[PDB]
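Only one chain is shown below, in structure tokens, and it's the form deposited in one PDB entry.
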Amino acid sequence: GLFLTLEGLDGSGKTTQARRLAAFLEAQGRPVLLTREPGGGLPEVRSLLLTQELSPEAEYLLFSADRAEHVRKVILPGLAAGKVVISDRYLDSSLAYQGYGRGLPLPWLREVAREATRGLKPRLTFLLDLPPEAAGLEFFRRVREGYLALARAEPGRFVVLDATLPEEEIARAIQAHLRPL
């Protein structure tokens, strides 16, 4: 199997590009599982995450519970069956939003995640980099820059794309990075 994720602010186009990728790979003959966070593990998490004035720790722990179930019950079984599994959002979303955005310590985030994810990391992550005003502007600037920080740190895994480019051009770039895999 092959694990791929898409990341970015809401309205960055990462959702569009996840489905375009899923359809492209399917046309190459490859079995695909398209999924998303939050809700891919525990659909009821989407309710809890909207709680008024939720602490950043509680918000991250809810994302993590969802992720734990998502990895165990959906993603790992899909990879085991030889599928390309594509998730619209994964752990980097939490690192960018709860870590860089809300100020939680990244090492704690990663330690929680290590059991939650069983260490599962995608082979490639396509980050759609969107100017924060096109998404709490201060918050969104922190999240945007946090994503870029994550990408600088794991340049093997991240492919950073300009989300202001036409949808078709971004899809072609994504396809070009995959062809060799």
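For every residue, the number given is its place in the sequence shown, counted from 1.
Omitted from view is the form deposited with a small molecule bound, to which the following refers.
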> Any of the heavy atoms of residue 21 lying within 4.5 Å of the small molecule in the deposited complex?
Replying inline: no
>> Is it the case that residue 159, even though its partner is missing from this view, gets within 4.5 Å of the small molecule in the deposited complex, heavy atoms only?
In response: no
> With the cut-off set at 4.5 Å between non-hydrogen atoms, does residue 173 touch the small molecule in the deposited complex?
Replying inline: no
> Going by a heavy atom distance of 4.5 Å, is residue 25 a contact of the small molecule in the deposited complex?
Replying inline: no
